[PDB]
Every structure is written in C-alpha cells, then in structure tokens.
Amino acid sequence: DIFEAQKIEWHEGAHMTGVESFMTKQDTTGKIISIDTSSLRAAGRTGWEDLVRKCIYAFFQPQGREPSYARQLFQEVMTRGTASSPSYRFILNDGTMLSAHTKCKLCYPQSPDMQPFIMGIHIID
C-alpha cells in the first residue's frame, strides 16, 4: 500500500550495483541519527570511512555567501517533503578529488510509535 511504497526507493538505494553511495537518516530537527554504509563496505574499497567523513563535512560546509547544501536541503525538505543538492567536491586523505550530490525525502512511518524522519542518499559522481 501507500506506506509500503515509501520504503521501495530506499531499499533500492541500499543495494545499487555500480554506484558509490551511502544513506543517512535525520530527525526533523536535522540531527543525523543513523548512517548506512553497507554498500561501501560490501564493495571492499578501503578508505570508505574517510570518504564518508569528507563527504558529510563538505555537505554541511557554507557555500561561499549562501548556506550549506545541508541547510538548504533541510529547509526545503521540511516545507515541501523532498529536496536535492547539486554536486559538491571534497578531497580524500590520499589527495583524490571527488564530487557528490545529495537527495532527500521526508518519510511518514506507519507505526504510531515512530516520528517522521528525513532519508538522505549521497551519491559519488
């Protein structure tokens, strides 16, 4: 049904072959409450912890004079229920330049004991 369909896209995001990504869950104050890295750890690439840390820091870093993409997306996802960033870049510990973009959605769980939350997917370009 409608509640179940909400989970389809995020289950698919957790098993994408050929795409480097991770997912986050934020409460509605914006605080990150979980980070799912199972796709990165399965793909056996070493340096995933550094990739995730650097990607998240770039996501929350101010964009010159504008707010960070994290702020812009959080503001938009609370008002309209979905949001997306353009690409942002970061440098791994070995000097490699990478870029990423983020998409997120407000999710309304069926269980009365759970609060709404924001699911985010961060895709390496």
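Numbering starts at 1 and runs along the sequence shown.
The deposited model assigns a higher average Cα B-factor to 37-45 than to the other stretch when 50-58 and 37-45 are compared. Legend: mean Cα B-factor per stretch from the PDB entry, 108-116 versus 10-18; the higher mean is in 10-18. Of the candidates 81, 95, 30, 67, the one whose C-alpha carries the top B factor in the deposited record is 95. In the deposited entry, the Cα temperature factor of residue 124 places it in the middle third of its chain's modelled residues.
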